[PDB]
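Take a look at the structure set out below.
Virtual Cβ from ideal backbone geometry, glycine too; neighbours counted across all protein chains shown. Laboratory data are not the source of any read-out in this text; all were calculated from the coordinates shown.
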Amino acid sequence: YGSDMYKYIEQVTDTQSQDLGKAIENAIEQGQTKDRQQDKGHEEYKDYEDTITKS
Amino acid sequence: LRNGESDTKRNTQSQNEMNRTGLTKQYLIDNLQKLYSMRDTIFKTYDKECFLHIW
């Protein structure tokens, strides 16, 4: 009797669910760098200029 | 003349956790027919053994 009978009359499937997730990620990064530059320079030059005048 | 050196250390630690639950109810008429005599079957065993059987 009652209304609930209709649920059985037409096959009714009630489905539920619940997913509860948790996630913690911890990352530690360290880095070191070492550089070294060594240069050398050398330049040499020569010039000549001759001026002759008449007046 | 240029040189160099590098170094790194990356370290990650993680944790996960998932809690999934559900509940599925299927309604069938075949279950109602089998429901009928579950209570009455209790007292067929009581009547068979404990009580008198001749008027």
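Checking A:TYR1 against (1) more than 7 Å from chain B (Cβ to nearest Cβ); (2) surrounded by 10 or more Cβ atoms within 10 Å (Cβ to Cβ); (3) not acidic (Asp, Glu), only one condition comes out false. Which one?
Here A:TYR1 clears every test but (2).
Which one of these is closer than 30 Å to B:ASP7 by Cβ and either free of Cβ contacts under 8 Å to residues at least 40 places away in the same chain or hydroxyl-bearing (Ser, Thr, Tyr) (or both): A:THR53, A:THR33?
On the way: A:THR53 fails: closer than 30 Å to B:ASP7 by Cβ.
When all the criteria are applied, what remains is A:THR33.
I want to confirm something. Restricting to region B:9-33 and keeping residues that are among the hydrophobic types (A, V, I, L, M, F, W, C) and either surrounded by 10 or more Cβ atoms within 10 Å (Cβ to Cβ) or more than 7 Å from chain A (Cβ to nearest Cβ) (or both), which single residue is nearest to A:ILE24 (Cα to Cα)?
Looking at residues that are among the hydrophobic types (A, V, I, L, M, F, W, C) and either surrounded by 10 or more Cβ atoms within 10 Å (Cβ to Cβ) or more than 7 Å from chain A (Cβ to nearest Cβ) (or both), I get B:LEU28.
Just to be sure before I move on: is B:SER6 surrounded by 10 or more Cβ atoms within 10 Å (Cβ to Cβ) and either among the hydroxyl-bearing types (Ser, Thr, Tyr) or more than 7 Å from chain A (Cβ to nearest Cβ) (or both) in the structure I sent?
No; evaluated as a whole, the condition is false for this residue.
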